[PDB]
């Protein structure tokens, strides 16, 4: 039953078993039925935690690899390198699973008028291609970087046309898109322009904040300001 797969995902989240949570929401998605706002969040939370654990480990391993390389022990250097590659393979497999779900079920089943869902899922697509770009090199990197920008750009145009500036999905898309410009493309001026425009557009309509959007939107506004403070 679908209601049992979703309740199992809710159980797995409370028990902090995010692999189980992602597997349950992956099964719900493959039922080829649309996800509710809550089911969409369950899927996003699960895979963010699954991929986030690998990203966190990858950063620590990469930092240790730099120190190890300077000390010049080739056996230890090769051990750390192989362990980074092992984590990179796991992260890439997680990203491919999400991206497959997005392209084959989630983005596909969006009706012409489901703008919020389309922006959410296209933003997710840009996010997981960005996570691939974080650990890719060479020609494999340029490809996923180009796929990340294509997904973010399409999400941005739909969001600008159809969504309010204080909507958390529109704000969150701008935040992550600006991070993509800064960290992945190394385009600080583009990053700053997008973050600053989205920030002011929302501030201009702060009175439109509702009880369901206030916490989420103002948190993202704070993060836009924090990034802008850091990048300038």
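Numbering follows the first chain given and starts at 1.
Checked against the other entries of this protein, residue 72 counts as unresolved in at least one third of those spanning it. Comparing the deposited coordinates for 204 to 212 and 217 to 225, the stretch with the larger average C-alpha B-factor is 204 to 212. Comparing 25 to 33 with 172 to 180, the stretch with the higher mean C-alpha B-factor in the PDB entry is 25 to 33. If you compare the C-alpha temperature factors of 161, 127, 146, 97 in the entry, 146 comes out highest.
Comparing the listed residues 123, 86, 76, 141, the entry records the largest Cα B-factor for 141.
Per the PDB record, residue ranking by Cα B-factor puts residue 190 in the highest third of the chain. For residue 57, the recorded CA temperature factor ranks within the lowest third of the chain's modelled residues. When the modelled residues of the chain are ordered by their C-alpha B factor, residue 49 lands in the lowest third.
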